[PDB]
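Structure 1 and structure 2 below are two forms of the same protein chain, each written out on its own as structure tokens.
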Structure 1
């Protein structure tokens, strides 16, 4: 079928660093854009980052400078290098395949989500 599997969440500390990974079924990712979103309990989805097939990168203001997204086009995986993690980064993170235009994304596929938790 068509799936997205995140990996790499877990427990981290304020000022620590985590690297998420996201693996896509063959094809569903080709020539398409991948984004990272996050979801804290009771609140909604934030854009986090995104990278296009050509490599252009987009970031939410909350993570600029701190997070960096990256992607190996031929290996069908996208990464989210989170550095210098802070107390509100705690949420479950999802990867996706995106269309539309940054103001209005269209989500083709969603990942299952991985918990990232930071203590103080």
Structure 2
């Protein structure tokens, strides 16, 4: 079976930090880009951060300078270090890998989701 498995969420005061981690099935992530998305109630799922196999990172404008995505290619694991958290960051966070080849999120594999709540 194909599995992505996340952890690290929680409840934290504004200005704090969290670290999300995600472990991927032995073959769906190698040579491929791994990413993080988030979804607040009543909103569509939206991009947060991604890191290519070669190590290039890119971020949503709203988290640039605050979040850092990294990855251990050998362990098939991706991480999201979340600093300077804001109430607007509250959402369910999902790690993701494209099961297709078009960056079309209808084709993505998703983790189960991990709740992040930032109290003001």
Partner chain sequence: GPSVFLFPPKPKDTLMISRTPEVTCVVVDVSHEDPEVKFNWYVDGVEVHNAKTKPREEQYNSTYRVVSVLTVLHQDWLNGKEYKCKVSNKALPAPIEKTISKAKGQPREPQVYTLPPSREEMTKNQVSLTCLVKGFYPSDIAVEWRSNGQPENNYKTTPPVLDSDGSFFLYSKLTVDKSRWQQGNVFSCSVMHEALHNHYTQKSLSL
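Shifts are known only where both forms have a C-alpha. In this text, the rigid core denotes the largest set of C-alpha atoms whose superposition between the two forms falls within 1.5 Å. Residue numbers count along the first chain shown, from 1.
- Comparing the two isolated chains, structure 2 is the one taken from the form solved without its partner chain; structure 1 is not.
- Once both forms are fitted on their rigid core, the CA atom of residue 99 lies 2 Å or more apart between structures 1 and 2.
- Structural comparison between structures 1 and 2 after rigid-core fitting shows the C-alpha of residue 108 displaced 3.4 Å.
- For residue 28, the Cα shift between structures 1 and 2 is 1.0 Å when the rigid core is held fixed in the overlay.
- Comparing the shared residues between structures 1 and 2 on a common core, the single stretch of 3 or more consecutive C-alphas each displaced by at least 2 Å is 98 to 108.
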